[PDB]
Student: 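Take this structure, written in structure tokens, and hold onto it; I'll ask about it next.
What you see below is based on every heavy atom in this structure, not just the backbone, and it leaves out hydrogens, waters and symmetry mates. Numbering starts at 1 and runs along the sequence shown.
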Amino acid sequence: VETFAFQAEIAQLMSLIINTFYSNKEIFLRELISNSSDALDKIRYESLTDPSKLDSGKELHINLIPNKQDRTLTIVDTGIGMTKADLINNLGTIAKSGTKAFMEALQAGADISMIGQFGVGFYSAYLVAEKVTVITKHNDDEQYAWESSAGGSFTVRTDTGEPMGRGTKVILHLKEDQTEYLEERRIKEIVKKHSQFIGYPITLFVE
Ligand SMILES: Nc1nc2c3c(F)cccc3nc(Cc3ccc4c(c3)OCO4)n2n1
């Protein structure tokens, strides 16, 4: 297990998301589905010039998996997936300029729901999750598990769980008072409201 410090700017973003009073938390789901859609567009596009990039799986989809026993909501996609370099360096680089833009917008009168427009919607997971684990596999790299409970650090390890083929699983370890996002009716409401035109099938698993 390797431990890394977030850049100060990303840490500050995560603290803002965790600390600001903001009742409209449900938007986290829209943001992670949008992230999945983006990742799926990428593999779909790349597969047009190189069909063998789909040898790791042809199905392009998003699954939403609630688990009351574990108190987790998992968003799974079969998108392009993330490399170790993404996890350690690249995502952070993109997040830095986005965080700065988002911060300035917020002071100008924007709200937290506009986070996605700045390319840092992933961190909205921390509206509802005390801990986020991300399992991811890109065609050019190994399966990795990224994990953070914020506090300024994240971990990366090689994953030895079930091999996933290709894509990303975002596992939300929900805060004690945010278990509404495990309820079938609540998840369906949120998807219908914010994600109804996503261009990939979204399957909400039942318990
Ligand atoms: N599902 C999914 N696939 C991608 C992704 C991807 F598949 C390729 C490149 C970048 C990506 N960025 C994100 C957003 C993201 C940002 C920061 C993160 C993260 C995911 O996981 C750990 O830190 N996602 N989310």
Side-chain angles (χ1 to χ4, degrees), residues 1-20 22 25 27-39 42 62 64-65 67 70-103 106 112 115-164 166-178 181:
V1 182
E2 292 180 301
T3 311
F4 299 87
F6 286 111
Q7 297 164 278
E9 292 86 355
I10 307 307
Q12 183 175 36
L13 173 67
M14 298 174 72
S15 300
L16 179 152
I17 287 157
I18 296 163
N19 302 331
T20 310
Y22 183 73
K25 292 171 178 291
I27 65 95
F28 80 93
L29 187 57
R30 177 185 70 198
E31 297 309 319
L32 299 173
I33 291 172
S34 166
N35 286 349
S36 290
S37 178
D38 289 354
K42 213 162 298 185
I62 298 171
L64 309 178
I65 310 173
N67 192 311
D70 300 338
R71 207 206 286 155
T72 58
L73 178 61
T74 301
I75 298 80
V76 186
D77 66 75
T78 49
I80 197 154
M82 286 169 291
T83 64
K84 206 191 179 188
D86 283 329
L87 293 176
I88 298 171
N89 281 133
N90 303 336
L91 297 169
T93 306
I94 290 155
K96 184 155 111 139
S97 52
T99 297
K100 178 168 150 60
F102 183 46
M103 292 306 202
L106 282 179
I112 283 155
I115 190 169
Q117 308 187 43
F118 304 92
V120 289
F122 168 82
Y123 304 94
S124 74
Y126 292 90
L127 291 170
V128 300
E130 62 183 9
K131 184 170 68 181
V132 182
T133 312
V134 179
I135 317 294
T136 190
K137 170 82 173 66
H138 187 278
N139 284 332
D140 295 349
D141 208 335
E142 299 300 307
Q143 193 162 307
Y144 295 102
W146 174 106
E147 196 168 71
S148 186
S149 305
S153 70
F154 63 97
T155 67
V156 180
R157 65 169 161 89
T158 289
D159 187 42
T160 47
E162 194 77 35
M164 65 199 293
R166 184 202 60 250
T168 297
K169 291 192 176 70
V170 176
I171 306 167
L172 304 173
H173 306 266
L174 300 173
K175 291 167 177 166
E176 195 171 22
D177 65 346
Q178 302 298 325
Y181 304 111

Student: Are any side-chain N or O atoms of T93 and backbone N or O atoms of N89, one a donor and one an acceptor, separated by less than 3.5 Å?
Tutor: yes
Student: Is there a side-chain contact between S148 and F6 in this structure, where contact means two heavy atoms from C-beta onward sitting under 4.5 Å apart?
Tutor: yes
Student: Determine whether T158 and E142 satisfy the following criterion, side chain to side chain donor-acceptor pair (under 3.5 Å), listing intermediate values before the conclusion.
Tutor: CA-CA 7 Å; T158 289; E142 299 300 307; over 6 Å; no
Student: Above 12 or not: heavy atoms from other molecules or residues under 6.0 Å from NZ of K175?
Tutor: yes
Student: Within this structure, what is the OG1-CG distance for the pair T168 and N35, rounded to the nearest 0.5 Å?
Tutor: 9.5 Å
Student: Would you mind listing every salt bridge (charged side-chain N to carboxylate O under 4.0 Å, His left out) that reaches into residues 77-91, with sequence neighbours excluded?
Tutor: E2-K84
Student: Using side-chain heavy atoms (C-beta onward) and a distance below 4.5 Å, is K96 in contact with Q7?
Tutor: yes
Student: Do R166 side-chain atoms and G79 backbone N/O form a donor-acceptor pair below 3.5 Å?
Tutor: yes
Student: Just verifying a value: how many Å separate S34 OG and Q117 CD, rounded to the nearest 0.5 Å?
Tutor: 10.5 Å
Student: Under the 3.5 angstrom rule, does the side chain of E147 hit a backbone N or O of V156 as a donor-acceptor pair?
Tutor: no
Student: Look only at the side chain of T83 and the backbone of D140, and say whether a donor-acceptor pair between them is shorter than 3.5 Å.
Tutor: no
Student: Measuring only between side-chain heavy atoms, which start at C-beta, is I17 closer than 4.5 Å to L13?
Tutor: yes
Student: When you measure from the side chain of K25 to the backbone N and O of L127, does any donor-acceptor pair fall under 3.5 Å?
Tutor: yes
Student: Shortest non-hydrogen contact from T3 to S153?
Tutor: CG2-CB, 4.0 Å
Student: To the nearest 0.5 Å, how far apart are CD1 in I112 and CD in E31?
Tutor: 12.0 Å
Student: Tell me whether the rings of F154 and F4 are parallel (<30°), tilted (30 to 60°) or perpendicular (>60°).
Tutor: parallel
Student: Ring centres of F28 and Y181 under 6.0 Å apart?
Tutor: yes
Student: Could you tell me the separation between the OG1 atom of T99 and the CZ atom of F118, rounded to the nearest 0.5 Å?
Tutor: 10.5 Å
